[PDB]
Each structure stands twice: as structure tokens, then as C-alpha cells.
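Participant: Once you've seen the sequence and the experimental structure below, I've got questions.
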Amino acid sequence: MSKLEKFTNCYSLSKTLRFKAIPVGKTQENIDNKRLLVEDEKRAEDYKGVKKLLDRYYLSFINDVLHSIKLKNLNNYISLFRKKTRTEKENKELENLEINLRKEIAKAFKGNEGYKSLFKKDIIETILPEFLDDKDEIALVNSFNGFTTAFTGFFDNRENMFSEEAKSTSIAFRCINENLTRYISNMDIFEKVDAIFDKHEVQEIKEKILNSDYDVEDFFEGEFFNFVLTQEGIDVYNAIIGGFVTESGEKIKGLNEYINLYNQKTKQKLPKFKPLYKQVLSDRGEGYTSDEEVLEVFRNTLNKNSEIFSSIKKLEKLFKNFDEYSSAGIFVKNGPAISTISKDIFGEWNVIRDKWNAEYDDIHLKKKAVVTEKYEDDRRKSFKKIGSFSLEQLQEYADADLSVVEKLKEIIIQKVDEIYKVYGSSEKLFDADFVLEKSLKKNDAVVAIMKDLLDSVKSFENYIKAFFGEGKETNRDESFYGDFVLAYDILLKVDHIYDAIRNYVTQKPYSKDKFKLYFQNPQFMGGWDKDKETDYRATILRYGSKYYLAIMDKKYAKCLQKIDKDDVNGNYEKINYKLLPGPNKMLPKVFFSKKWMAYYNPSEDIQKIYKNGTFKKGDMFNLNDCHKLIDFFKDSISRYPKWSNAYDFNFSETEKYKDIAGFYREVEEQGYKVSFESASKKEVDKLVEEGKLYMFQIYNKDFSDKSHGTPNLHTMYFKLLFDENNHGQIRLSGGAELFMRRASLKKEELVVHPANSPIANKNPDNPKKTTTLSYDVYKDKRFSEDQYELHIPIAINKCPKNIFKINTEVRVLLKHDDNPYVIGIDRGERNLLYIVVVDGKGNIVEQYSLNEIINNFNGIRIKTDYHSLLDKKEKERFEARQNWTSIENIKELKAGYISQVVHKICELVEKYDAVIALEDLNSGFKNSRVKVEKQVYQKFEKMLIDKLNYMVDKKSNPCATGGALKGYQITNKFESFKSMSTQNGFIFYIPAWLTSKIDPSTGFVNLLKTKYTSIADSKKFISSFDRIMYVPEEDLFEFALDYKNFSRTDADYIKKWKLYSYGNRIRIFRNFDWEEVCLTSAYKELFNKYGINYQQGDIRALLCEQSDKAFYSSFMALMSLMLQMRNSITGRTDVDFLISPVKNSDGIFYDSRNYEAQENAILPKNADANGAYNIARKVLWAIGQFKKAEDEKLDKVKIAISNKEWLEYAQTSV
RNA sequence: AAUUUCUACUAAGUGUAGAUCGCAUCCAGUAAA
DNA sequence: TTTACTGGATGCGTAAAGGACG
DNA sequence: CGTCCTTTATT
Ligand SMILES: [Li+]
Ligand SMILES: [Li+]
């Protein structure tokens, strides 16, 4: 009935549910005494180490192959790639050449000796050990001798490199789809930029870069592409382009540099080269880790015995002996930091800059000018290229008897004596006996002591920095500077310790590092079938509503095998899980095996049928041969007790099958069963007691005795895994994983709200201002003791029955929906997101800013202003890094806001049966704080597309439409980013042009170019207006224009408009910088100022008779501001109004401000409400196109709306 | 201010609301020194 | 160059045949 | 030799 209601059971998707795993009984004590976790922790380190030994080998295997390959048909592939206009005759020949080009690379890899064993036991057991001749490395690899199955996943990732298919991970894809296309993109640039390369510059690269073995142009001929297959060959190629630095440190320039040097001197911009991407698997001061490290670093590098302290004591004597040195040879550097130096010596900041000019202007400002603005330019610029100031310059700035050299003596000594007074405050940090009472990151007292010391040492060091003077100065007193640079070069050492210590202290206090657990089983917990419990040694039990992960110790794999009790009232239940995974592989695997092919001797017609594939589609398809295959599989599935007894199959008549998939679907749909059997709880609780079984409660907060709310979505999915009403819509999958996450914090260090004291409640709208609990409330409690993590994959909609193209179906239903609502969703600098809901006639139903998320609980209203939370933490990091507190991450507060938004969007979708209109985002994000509005917006898009793959209403009965078992599927599988464009199910991606700056009542937009350009052009502007008069009845100036008399106005439909000088507008300065104009007085005052009388009717001739260009410049400034319909200010939160210069059919101008006040406005309330509304209306337009098309042509209807159709639409639907 | 985890919370108290696809790998990148 | 952090793209999400084995 | 690790099958 609703449009949504069609989109259930459309496609399969997979999700992972995460749970805490809580040990029960003596599990953890037995796990501890057997040192099982310690073994796994190390295995994790060895595993990452052994994979880097494998990649060392895989890289060597890749290289020798790719160094010894000559790809055939290179020239032909390039010739067809390099066609102006490509016809279908070689389009299909070229892509065959491109497919064949990759197969050539793949077939090289498989040909090599070792391709068989690269991803099998042998690579671990003998091949890799032979490759490494170090005995330590062979020891490390051989500790996986019983375990190579643990590498199965890693091996699959490495097979992806040797695929011939067109996927990012494939090596053949990196060479053919990526590196070759830029190699040829470079080819066509090089023969178009070749001229601009000097004789020697080409031979410069020849000798410095190319070995003198190859010519530069060789790398732009097709047949040398083979050189560039390897990383070594890519590193040479990219140097020809970007250059490289000699080890001496002087720079050799690449062709891209020569291009840019030429691009600057010739006024035009040449194209630049793309560099190649790296080849797959090429392997083309680090921070303190522990608290003790940081502390002994701090102690031994800043104490009075260290060299840094000697360097300060040495620099101190230098400044005390400042007058045994040449004042003409000591130089203080020139930066913006100088003004700090100026006030230290003279008592104010700009003595030094003021006295530089008084002497500078003295002969170099001419007497004429005295103070022309000419001089500001270059007296401000001649100041900043002066590189230093001698102490003899500074003293000429001084009057008797201020001696600059004794002031600097006193400033540094007052500065060295402060470092020494902070060392007293900190001396207890330097003791040998000193023991840290608390961890450093939570110890705010001890870090405050370091920062005071590292700050005072830094104040002094950055002060001393000024006295270097960047010289490279003609007569430095190298008596002074000799010792100075020594002391300063050591004093510079604090800049690494300062940053290294600060980075440790501001790391997040907790960690999420965790390692995989195997319980001494290389295929641990791989599946759930009853047959393999003993092989995988893991299974699921339950005691009523509570579920357990039960793990068999390696010594007792059968310890759960024969247990039963007759009543469950005192007992567990063990899962009975049976899965036949993937008939397409499993049925041939079994029935053609060496074990059974004899048993059901397949007709030689079947074996011939199966080898040649007459049962699959294409050239060799034969319908009766597929039915004859199914009957063999059908008959063999019976007489296979393991399948026939577990699943009672009920297939369709074989004649009714159209393709083999029709059969496999029925096998896959029915080849899954879950049930529970009884298990004596006494005879299992003792297995745990004895250490022969380990049991963990599968747990999140929803399983607590004190839990009463609506459950987490994922607890619902988990629970439904075993509900009788789950008829296959959610399957429990194999491939679970158990992890151990060591604690990262201690309870005694955690931030606490202690029991019985009142805690403030943070929502001011609730008159219960306080909460007082009888137990402690800890921050990050979950990270303060060890935690087991269980990750359980589930399969949703594994057998979809409602198969159709989602986009097509959405269009069909939209064509035949009498009243389809649309949700327009706008991105605003002003508002993170704005939302307008319209019905099928464009009537505004809802409009509001999603800046504040408003939530419902038990009569409580809470509004959470996510907008000001977001900016608070955005600058907090930049500002509060100085505070030296822990790193704030803003990515999780945006994700938090996004999840609040996504819930709100789906509630609107369901309430109004509504499609979504989204705004295309500008690729370039302009200053400043650009991901603040595009980060929330791009993340909102990914997150929303996700939820709409399986959209569940936790309140529905699970089996109701929209329930957890019958979730809505209104976006296509999020396989890629761009495979969808313009529409994805209920989501339409529509461009933003003229959605904001348009009159919603009329569709009027500004197509006029009103920047003042010349004196002459302003009178062609005024004469292209049909009339310009004063309407005394309205105190308005009317401008009758026909857009056809102005350039670039094709898109407009109405053409003829009458503009008025109605209302106020807002102006901005170019050098409060904004001021606010009222139009009718500016036109009146300007006409009075220049002797024009407005009341003299058609005044176009009158305006052009003016001779002063100031009138034209200030008149077009008004014809720019009258046309500016959107008014708001850089940073201005306050005013966002939209006002129009045009009247509507009923003779009324439009203010958003007329609508911002009322509760239920039929028009937008501000420029952001307007933008959302028009993004919605543009989708309405597309629905209109659907309604004019015929169902069979809906798929080809273009919904990307042009500026011409938009304006026609917006101007005619009123 | 608690969590499988994230965000915002704390109405009679070990929690509430919404969100949450994991693991492994490859590859593009942006910020800092 | 190095460190960190974030963006998309690939694979797996398996029972059973096959084999070694001390 | 029955236990345990490895390798297989591909809509
Ligand atoms: Li809840
Ligand atoms: Li708090």
C-alpha cells in the first residue's frame, strides 16, 4: 500500500554484531594457570612478523617476474586508446586487448615455479625458510608449522594481487587501468610540451637522473612501458617528472618543474605530467611509549647536571659579558617576533619599527610627498626583507643613558633566574627515590610541573633564537658567535623533548588494542555446524534468555559430545546448527570427489555436461542438459544422509527450473537449520570447574537484570537468530572471532562521581536538577579491567525473493503515486542541515533546522544544540593543545550527530512515505573550517545510504513490515561510491544551482553582471533596461527589464521582469566591515547628489548623460545589491533573510522574514529553508518527468535537471 | 556520567535514547614537524 | 623524510574432502 | 588408526 511497503527481501547483506564475553566460573583462573592468553598475545606479534617475512618473499617473486616481462601488443593497445573518435569495431577489440593485456601479466605469475605453493602449507614449512638464510627468522616462521591454516585469510589477500580481473587489489589492474593510462596521458602531454625543454636540461636529466644509459624521450615511447612495471622503474620515471635531490642536497629539476618555470614566464599555463602510482606491495622522532620512559627522559635531559643546563649557564655568561664583544657584529633576527624584543629593551613594542622608519624616511622619502600612501606600501615591505638588526642599530635607537647592551644583560638574567626558580618548584621530580603515585596522563599535578619547566626553558630558548640573526652576515663577531652556536645548538635539543613529552601526555588515556585468541586451534571457532564442534572446539549454549560461548580445551574436544537431560528446568541448551554453505561449490565438491564419484557414478554425459558447462548460460547452454544435471544432484542429495537427514528438502519439479540458480536457491534456502538440544547443567558446570571447558556469557547492557528500556538494534538481531518467527531472514554465520582487550586505565585513576553525592543533571528544562545514586559512576569504566570481545557475523536476507532493480521500481511507484512527498535536505554554512518536507503539489509540510536534535522521553523534552558543541571542540584542539590536555577527536562527535540525524530522516521517510532529495557537494571546500560543513554532510550521506540498506523500526513487531525481520531496503547495496549516480532508490542526488538565491514565490533569479567595469559599459547597461521610472504611489524605483537584452540570460523563462527598489539589503567592505543599505534612499540620495531628478519618469537617458564615473560606480553598486536576494554576513548567525525585487501575481514582494515568525509557513523561512525547498522541488520536477513517460521508458528518463528546465519549472508552477 | 562500541543523556537507580560490518589487506591521500 | 589520522577497494565470514601422523 | 591440520569446491 505505501511505496516503502514494496521494498522488503530485496537483497542479502552481511553485518557483524559485537558483544562483551564474560567468563563464568573458574574459566579465567584456569585460562590464567594454563598461560593461554600469553601464548596468543605472542602469536599475534609473531604473526605480524612472519607476514612481513612472507611479503619480503612475495615482493621478490613479484619483482623478478615483472622485471622479465615484455607485454605484447603494446603499440596496438596504445593506438586504439589514442583515437579521436572511437567506433564500436575497435571498442570491443580494444577492451579485449586490455583484458588480454592483463591476462598476459597474470599468466606470467602462474607460470612461475612457486605459484602452486605460495598460498599453501609449503610456503610456511620449507619455501620461506629456504629464502631467508638467517637462523632467527627461520625459527620465527617455523613456530607456525602446526598452524598454517591461521594464514588462510592473509593468503586470500595475497591472491588478490595475482588476479587478472579489474579490481584495485590486482597487480594487473595497477599496470593496465592505472599506470598505463597515465603513461599515455603523459605521452600526449610530452609531444605537446616537448618544445619547451632546453638541450642541456634534457641532458641534465640524462646524466643526473637517467644514468646516461637512456634518453628522456624513451620513457614517452610505448615500448618502454615495460621498464615502468616495477617499483624501481616507477621510481626512475617519476624523477624525470618531479626531479630528485642529489645527496649533496642541491636540487635537480624535473620536466614538471621546467614546465612551471615556462608556465610563469610565458603567461599561459601548460599541462603537467601525472606521476605513476606505486606497484602493489613495494616497500618504497618516534614517541615515548611508557610512563617511566617519559620520566627518565625528563629527569636526565633537564636536570642541573645535564648539558642543556650547562648550555643555559654558558649563554648566561655570554650576555653578562655582552660588552667585551663588537656591537657591530652581534645581530638580532627580524621577524614578527621582533616586537617582543622591542618592548623588552625600550618599554614598548613599536619603538623599533618606528625608529627604523624615521631614519629610513630621512633620505628615502621625498619632500613633495611628506607622507604619501605610496610609502606605506614599501616602508611596510622594506621592513620585512631587512633580515636582521645589529646591536649597533639598536643602540642608535636609544637615548642616554639607556644602554641596550645592559638591558639585555638584565633581561636574560631575570630570565635564567626564573628557570632556576621553577627548578625549585620541580626538584622533587629529579630525585632518584621519586616514585610516580599515579599514571602520568591522569596525573595532572606531575605534568603541570614538567610543563612549567619545559615552558620556562622554551621561553628562554626562543628568546635566544632571535640572537642568531640568520647570518650569513658580513662581519659577525665570531668570538661571540663561536661559543653561542655551541650553546645554542645544544639548547635546541629541547624542541624534540618538548614535543615528544607533550604528545605522550595528550594521547587518549585509554587504548583499544586487542589480539585474536585461538585457544591452541588454527581454525578456532570457524563455523557452527554440529559436525564440526569438535574440529572448531567452540559452540553456543543458553540458560533461558542468557547465552554462552562454550570453548572446548584442546585436550577434551568431545567433552560436550554426549550429555543429555530429560527436563531443561535445571539445564542448558546447546545449539544444533546445520548449514550447507553454497550449493554451487558444495554439491560438485561432494559428488565429484574421490570419495563419492564412484558411489553415484555420474553418466559420462553428466561429466561431459559439467566439464563443458552446458548447464550454465551462454553459447554452450542446453536447457535439458541443466535439468539432467539437477536430477543427478537432486538424487544424490538423497542417499547423502548428512544433508538429507538435516534438511527435509522440498524442491520444485525439475522441468519448472529455468537455470541452475533456480535449483541452488532452493538448496541454499533450505540448507540451514538452527534448533536447541538439552544439556545437563551439573555435568557442564563441572567441565568448567575442571578446566576442560571454558564458558563466557555473551553480554551487553541489554542482558542486565537492571535493564528496562528498548533494546539495542543489535541485541534484537542476535535474539532473533533463535526465534521461531525467524524463518531465515537473519542467519547466524560462521567466522566468529574472540579477542582479548587488555585494560588501559585503572579504576583508582578514573574520574568518579562518588556515591550519595548529588550529580548535576545537564538538561536545564528538567526541574529535577540533580541525581543521587548509591554507587560510584566511573568514566571509561569499560577500559579499566580486561575484556573479551566476541564478534559474530550475521547474514540478512540470504535468499531474497523480491528481486527487481530498485531504482526502476522506485520510478514506477513514483509515476503512479497521486501525492508523493519529498524530503529536501540542505547543507548550510548557517545551518549544519536544513530540512523541508513537501507534498506532491509543492506545499511545504515541515521545515526546520537540524542544528538542535530534539528528543522524546516520558514527557521530557531535550534539545541538544549539536551546532555549538561542534565549533567548541573544533578550536578546542588548536587552542587547548596549549592547555596540554588530551587529544580531543571531533570525528566521533560528528558521527554522534549523524546518528541522531539518520534516525530523524528515516522517521520522516516512514511518516510521509517520502523520497529524499540530497544536494550535490562542491568538490572544492573553501576557507575556512571546510569539513565542518562538508564532513558532517559527506558522513551524513554514507551513514544514511547505509541505514537504508536495511531500515528497521525497533518498535514494530519484528515480523511486521519494517520490523527487524522485514526491514526496508530503499538504497542499493553500497558496493561502490559512483556506480550509483543521480539516484539510489529513494535518494536523488540533484544539483544545487539557483536553489538558494531564487525567489520562491516567482522563480526570479539574478542573471545580471553588475560589477562596475568601465565608464562606457554602465550606459549600455542602463539602455538595455526597457524603462526606469519612479512610482510615487509606492515610494519605489521600478526597473523594467527584458532579459533578452543582456548576455548569458538564456536559462530564464519569463524574460520580462519589473524590479523594484523595495526593502533593505546588506553590504560588505573590501578593505564591523559590513554596513546596511536601504535601497530607495540610496537611489534618491544618489540622484540628488548628481543633479538627476527621479520624478522625471523614464530616466534612462538622464542617467547616461551623467559624466562623473563615481555616479556609475555607485549606481551599479545599487544594481548589485537590489539584485542580491540572499542577505547574510560572514560569521553572521543573526540575519539570513531572503527578500526579492519582484512582485508576484498578487502584487506582493517576498520576505523570508514575513515567514520566520509564524509557526506554519507556506513559504521558506530563510535562505536555508529556501535551498532545501528547491532541492525538494527539483525532485518534484523529476517525478513530473516520470509521470509524462511510459513505464517501459522510465529507466532512460534523465532526472539531472538543467538550469533551463529548473527556471522554467520554478517560474511556471505558481 | 556508566556502554559491544559511538554520541547525547541520568525521574528514583549498576542504567536511558538513537546509532553501530567486523577482520584482514591493498591503495590513494590530507594535517604536523 | 617521518609520525599521525581519514577517505574507498578488495577478500572472508564454510562443511567436508583430503591427508599426514606419530 | 582415530586425531588433528590442510585444502577443496565455485550460481
Ligand atoms: Li536501551
Ligand atoms: Li560530567
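Facilitator: Yep, it's here. Numbering: from 1, shown residues only, chains lettered A, B, ... in the order given. Ligands and ions are numbered 1, 2, ... in the order given.

Participant: and residue A:655, how many neighbours does it have?
Facilitator: Here the count is done by other C-beta atoms under 10 Å, and residue A:655 has 8 residues near it. For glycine as for every other residue, the C-beta is placed from the backbone atoms N, C-alpha and C.

Participant: contacting residues around the residue lying closest to it once chain neighbours are set aside?
Facilitator: Closest residue to residue A:655 apart from its sequence neighbours, by C-beta to C-beta, 6 or more residues apart in numbering: residue A:627 at 6.8 Å. By C-beta atoms under 8 Å, 6 or more residues apart in numbering, the residues touching residue A:627 are A:654-655, A:657.

Participant: Roughly how far does the residue in the stretch 951-1100 of chain A positioned nearest to DNA strand C sit from DNA strand D?
Facilitator: Per C-beta to the nearest atom of the strand, residue A:976 is where the stretch 951-1100 of chain A lies closest to DNA strand C, at 3.6 Å. To DNA strand D, residue A:976 is 17 Å away according to C-beta to the nearest atom of the strand, to the nearest Å.

Participant: Residue A:479 too?
Facilitator: Residue A:479 sits 73 Å away from DNA strand D, going by C-beta to the nearest atom of the strand.

Participant: can you count the residues close to that residue?
Facilitator: 12.

Participant: Tell me the secondary structure at it.
Facilitator: Recorded secondary structure, residue A:479: helix (DSSP: H, G, I helix; E, B strand; the rest coil).

Participant: How much space separates it from residue A:523?
Facilitator: 75 Å (C-beta to C-beta, to the nearest Å).

Participant: Would you enumerate the residues in contact with the residue nearest to residue A:732 when sequence neighbours are not counted?
Facilitator: Residue nearest to residue A:732 in three dimensions, not counting chain neighbours: residue A:721, with 4.7 Å by C-beta to C-beta, 6+ apart. Residues in contact with residue A:721 (C-beta under 8 Å, 6+ apart) are A:674, A:730-732, A:794.

Participant: Of those, which fall within the contact range of DNA strand C?
Facilitator: Restricting those to those near DNA strand C by C-beta under 7 Å from any atom of the strand leaves residue A:731.

Participant: got CSV for the contacts of residue A:721, with secondary structure, distance to residue A:812 and neighbour count too?
Facilitator: Below are those laid out as CSV (DSSP: H, G, I helix; E, B strand; the rest coil; distance: C-beta to C-beta, whole Å; neighbours: other C-beta atoms under 10 Å):
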residue, secondary structure, distance to residue A:812, neighbour count
A:674, strand, 37, 18
A:730, strand, 29, 26
A:731, strand, 31, 20
A:732, strand, 36, 22
A:794, strand, 31, 19
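
Participant: possible to save the contacts of residue A:721 as CSV with distance to residue A:302?
Facilitator: Shown next, in CSV, are these (distance: C-beta to C-beta, whole Å):
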residue, distance to residue A:302
A:674, 64
A:730, 60
A:731, 61
A:732, 58
A:794, 55
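
Participant: ok, which pair from the contacts of residue A:721 is furthest apart?
Facilitator: A:674 and A:794 (11.8 Å; C-beta to C-beta).

Participant: what do those two both touch?
Facilitator: Contact with both residue A:674 and residue A:794 is made by residues A:721, A:732, according to C-beta under 8 Å, 6+ apart.
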